Amino acid sequence: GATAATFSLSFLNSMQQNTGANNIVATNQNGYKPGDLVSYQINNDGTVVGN
Amino acid sequence: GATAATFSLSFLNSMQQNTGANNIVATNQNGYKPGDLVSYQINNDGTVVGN
Amino acid sequence: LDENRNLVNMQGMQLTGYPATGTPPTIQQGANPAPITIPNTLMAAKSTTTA
């Protein structure tokens, strides 16, 4: 009974050059699930990131 | 439904001196189906070459 | 090779070299040095012209 989910898929920059068989070479989504604060680190750039 | 290939065939270095029987010894072309990445290496000349 | 797929040492320095440009790809010695990267993309199919 959760709320309806909608998303727009982009298939741009896809080539069909007959490279043998069919296989997915790229997959990504921006809809991250909720997460818990694991830890944080400091990189040389001076920023702070919580993972 | 693809464009036809406009290529030129040259029978360079052809000699007729009764060489045994009729046969071929060389074949050169610049046609190849695309492939996937397998390995990478660097030669002693510094040029990076992938296979 | 890092996640950005660049020739990097253990500290974070980007190796530089002459970029390979042209069709077919070749290394020109008169170009400005550029970082050397190994893309995951496959090369496009080639139309036969010389045999």
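Rg (Å, one decimal) plus Dmax (Å, integer) for the alpha carbons of chain A?
Answer for chain A, Rg first and Dmax second: 18.6, 47 Å.
Quick check for you: which residues of the range A:19-41 have the amide N under 14 Å from the point 7 Å beyond the Cα of A:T47 toward its beta carbon?
Once the point is set 7 Å along Cα→Cβ of A:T47, A:41 turn out to lie under 14 Å by backbone N, inside the range A:19-41.
Send over the semi-axes of the protein assembly as shown's equivalent ellipsoid, whole angstrom and largest first, taken as the square roots of 5 times the C-alpha gyration tensor eigenvalues.
After diagonalising the Cα gyration tensor, the semi-axes are 47, 27, 14 Å.
Quote the Stokes-Einstein diffusion coefficient, in whole µm² s⁻¹, for chain C, based on the Kirkwood radius over alpha carbon pairs, a temperature of 25 °C and a viscosity of 0.890 mPa s.
D = 186 µm²/s.
For chain B, run through the chymotrypsin sites (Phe, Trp or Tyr not before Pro) and keep only the ones in DSSP coil with at most 12 other Cβ atoms within 10 Å of their Cβ.
Passing both the DSSP loop test and the Cβ count: B:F11, B:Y32.
Quick one: which residues, 5 or more positions from C:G17 or on another chain, have an amide H under 5 Å from its amide H? H modelled 1.01 Å from N in the peptide plane, none for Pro or chain starts.
C:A34, C:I36
Please state the relative contact order of chain C as a whole percent: Cα pairs under 8 Å, 6+ residues apart?
Over chain C, the number comes to 31 percent.
Enter the Cα centre distance for the pair chain C and the range A:23-42, rounded to the nearest angstrom.
One Cα centre to the other: 29 Å.
Every other copy gets compared here: list the nm distances from the A:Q16 label point (7 Å along Cα to Cβ) to its counterparts, shortest first, one decimal.
Going from nearest to farthest copy, the values are 4.8 nm.
Every read-out reported here was derived from the displayed coordinates using simple, explicitly stated rules and does not represent laboratory data. Counting neighbours? That spans all protein chains shown, and the Cβs are built from the backbone with ideal geometry, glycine included.
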